[PDB]
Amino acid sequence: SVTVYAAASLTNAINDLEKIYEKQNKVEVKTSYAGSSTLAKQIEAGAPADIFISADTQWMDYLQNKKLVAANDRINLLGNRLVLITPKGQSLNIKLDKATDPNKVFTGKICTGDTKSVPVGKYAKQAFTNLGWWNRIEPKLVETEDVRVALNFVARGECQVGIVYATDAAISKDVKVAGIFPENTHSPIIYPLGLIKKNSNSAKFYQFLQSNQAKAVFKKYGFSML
């Protein structure tokens, strides 16, 4: 068997590839999804993950610095974009530009991941700072421990808007995109793939995630191949 810990934004793609790999190999693939921060900390505490996929470089560096992944056993796999979402039926179009006043466009709460630890929230905080919006945005936040909890809060109408990845908006018929953050507002969204346990089964799955077959699933879900 092989145990894969993956950022919550990767739930649907990795579930699809788990099914494909189990049809092609006599190996069992076990998956665990959560915020990249939670998963890295769990690995640090001894969780038996063979493979880790983070939604930012920071949480893979965190493991590298603890010597839990080698520089040569990680690769940048996927990219994404950062988006604003609204519940379906409460559509908006908001330009993510310093000229926009967040106090006039955001008249309720704003749902995203914890801005200090969950990658989606860290990317969001970079963007708000670059836009000069941080001190007006912070009082509006509801912070969650992964991007999918935030997505669900928006789908259920507990927040007027949310900040999730483009791939999250596309997976949910209950939310719609209200704005795309320009790339120059934040660090590039990069998913490093890391081989944590070096054994025969884990190495095959690590390679499989880079394969032509895996590229097609990731592209289906809206990710970019790096």
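The first residue of the sequence shown is number 1, and the count goes up from there.
- Looking at 114-122 and 100-108 together, the entry lists the larger mean B-factor for 100-108, computed on C-alpha atoms.
- The mean Cα B-factor in the deposited entry runs higher for 153-161 than for the other of 153-161 and 32-40.
- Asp56: CA B factor in the lowest third of modelled residues in this chain (values from the PDB entry).
- When the modelled residues of the chain are ordered by C-alpha B-factor, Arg81 sits in the lowest third.
- Looking at the C-alpha B-factors along this chain, the one for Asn72 belongs to the highest third.
- In this PDB entry, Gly89 carries a Cα temperature factor that places it within the highest third of its chain's modelled residues.
- The PDB entry assigns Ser9 a C-alpha temperature factor belonging to the lowest third of its chain's modelled residues.
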